[PDB]
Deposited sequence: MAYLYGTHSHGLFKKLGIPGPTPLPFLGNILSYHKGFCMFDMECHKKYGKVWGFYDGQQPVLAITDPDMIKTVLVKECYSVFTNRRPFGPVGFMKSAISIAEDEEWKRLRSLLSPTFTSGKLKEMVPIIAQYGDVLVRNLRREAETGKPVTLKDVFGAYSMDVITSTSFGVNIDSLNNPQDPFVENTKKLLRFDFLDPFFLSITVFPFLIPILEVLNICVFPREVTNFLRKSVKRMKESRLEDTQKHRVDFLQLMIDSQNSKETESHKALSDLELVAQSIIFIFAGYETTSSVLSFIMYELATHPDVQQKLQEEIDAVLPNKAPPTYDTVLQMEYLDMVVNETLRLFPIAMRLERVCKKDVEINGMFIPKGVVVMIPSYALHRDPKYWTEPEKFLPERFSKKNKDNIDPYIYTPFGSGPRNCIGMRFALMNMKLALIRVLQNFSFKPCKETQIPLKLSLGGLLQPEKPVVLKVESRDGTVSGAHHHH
């Protein structure tokens, strides 16, 4: 099985027996990917165990994979481990169950439904401020991922189930506890590496009701939901929206529980981690932070409360957000299984091959980005934003399987940043890691957690 790329005249690094090239993940996906791109060119291959994975960096080729032949050929992502009933979550589901599921949950994420969610996310914007000011009034360096974790959790709890907790001060609410265990997967920790070497063991685990989702969190929420379900039934949030949907092919109950869980998992560490990357960049580029605080005050004078419309109004805000995702695209890669022997843009792809787009590397490619490591929001000026290829810059992926939660993720984050910058300024501490070193692990996240000083305006 290790001769496939050698036969198709595709270049790449040499796979050791059983391991493939996984030993080369010792500097993380990102670094490996950047190195590979440099050595091998526009396309290359490698092996995750016996799994062949082919990399591609041609925007046209990418578009065909992610848009054109999405339905016919490149419809699903790669399996990664045992999942139990979470087999039915949309980000995991495959082919027709997916298309079906994608349909039942899309109206939930309209610009319409989203404009309705704005006042709630706004209320926890406030709760954030109060908590921050408590630390700002006690001149003690702040850990963002905490305060932001607390926030991002606060907004999920309230927008998916309408449970309204100040998780930062109520860390020990059972509803807060279980949900905090739903953290992004380290695909380079002991366990998943083994799965990569012995995927033949995945079935043995499924048959043991072992799941990568801790059996206790899921069981907590399954019943939590079936309570909420039958407390609102009968007597505005994602659950409501999903309960309304199965009031017609219609969403099953366990299906409904599954999605709910994934929304938490999806929004939680991601909204948290991204907000952290942005405060780091703002504090190490004080000019940008000033330019922002002034735009914010112009649209929203007297520290006016942001709205759905005043948010899309702000352009330097969108630029700062976008540039950050360029430097830190927390998905790192996009991936699709090739379900048929196909030929796309002149290249034969055999079946079962996993096709991969190395986002991190591309967002940091000198051939598309002047001074790529530098933090320069002006790349996204309405003057230069046009020059940017949508299939090189893909922080939310692209095509029928792009991030369903993108509009929501972007607003969530911006509503926070405004209210925060309306009130404080963020200054580097001595214990602040400048320049931020990235984790050599399997998540896009800082080597050392970001600590900053905060001051009241």
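S.K.: For this chain, which runs of the deposited sequence have no C-alpha coordinates, given in order from the N-terminus?
M.R.: Seq positions lacking coordinates: 1-8, 244-248, 262-267, 477-487.
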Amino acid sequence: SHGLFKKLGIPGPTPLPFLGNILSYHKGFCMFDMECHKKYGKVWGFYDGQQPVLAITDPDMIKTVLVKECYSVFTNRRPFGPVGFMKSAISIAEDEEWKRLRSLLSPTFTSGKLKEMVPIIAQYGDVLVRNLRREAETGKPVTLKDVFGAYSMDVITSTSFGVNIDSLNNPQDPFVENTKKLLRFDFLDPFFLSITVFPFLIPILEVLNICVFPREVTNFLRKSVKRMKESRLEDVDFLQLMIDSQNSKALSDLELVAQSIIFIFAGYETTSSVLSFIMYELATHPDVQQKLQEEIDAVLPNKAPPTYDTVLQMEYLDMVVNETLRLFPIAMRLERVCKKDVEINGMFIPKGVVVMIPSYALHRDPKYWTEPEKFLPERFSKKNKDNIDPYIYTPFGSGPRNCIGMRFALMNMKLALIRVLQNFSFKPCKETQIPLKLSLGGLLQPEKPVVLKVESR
From here on, numbers count along this sequence of modelled residues.
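Superpose the two forms; the largest set of C-alphas matching within 1.5 Å is the rigid core.
S.K.: Between 207-215 and 97-105, report the one with more C-alpha displacement in 9 other deposited structures of this protein relative to this form after a rigid core superposition.
M.R.: It is 207-215 whose C-alphas lie farther from the shown form in 9 other deposited structures of this protein.
S.K.: Of the stretches 77-85 and 320-328, which sits farther from where it is here in 9 other deposited structures of this protein, on average over its Cα atoms, after fitting the core?
M.R.: Between 77-85 and 320-328, the one lying farther away in 9 other deposited structures of this protein is 77-85.
S.K.: Do at least a third of the other compared PDB entries leave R184 without coordinates?
M.R.: Yes, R184 lacks coordinates in at least a third of the other entries compared.
S.K.: Does at least a third of the other compared PDB entries (those resolving both flanking residues) leave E234 without coordinates?
M.R.: yes, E234 frequently unmodelled elsewhere, at least a third of entries.
S.K.: Can you tell me which stretch has the higher mean Cα B-factor, 398-406 or 38-46?
M.R.: According to the entry, 38-46 carries the higher average C-alpha B-factor.
S.K.: Of 377-385 and 328-336, which one has the bigger average CA B-factor?
M.R.: Taking the mean C-alpha B-factor of 328-336 and of 377-385, the larger value falls to 377-385.
S.K.: In this PDB entry, which of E323, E94, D253, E281 has the top CA B-factor?
M.R.: Out of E323, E94, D253, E281, the record gives the largest C-alpha B-factor to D253.
S.K.: Could you tell me which one of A361, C211, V311, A136 shows the highest CA temperature factor in the PDB record?
M.R.: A136 has the highest C-alpha B-factor of those listed.
S.K.: Sorting the chain's modelled residues by C-alpha B-factor, tell me whether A122 ends up in the lowest, middle or highest third.
M.R.: Middle third, going by the recorded CA B-factors of the chain.
S.K.: Considering only modelled residues of the same chain, in which third does the CA B-factor of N21 rank: lowest, middle or highest?
M.R.: Its C-alpha B-factor belongs to the lowest third of this chain's values.
S.K.: By the recorded C-alpha temperature factor, relative to the other modelled residues in its chain, which third is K414 in?
M.R.: Lowest third of the chain for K414's C-alpha B-factor.
S.K.: Would you mind checking where the Cα B-factor of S160 ranks among the modelled residues of its chain, as the lowest, middle or highest third?
M.R.: Highest third - that is where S160 ends up once the chain's C-alpha B-factors are sorted.
S.K.: Among all modelled residues of this chain, ranked by Cα B factor, put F263 in the bottom, middle or top third, i.e. lowest, middle or highest.
M.R.: As the PDB entry reports it, the C-alpha B-factor of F263 lands in the lowest third of its chain.
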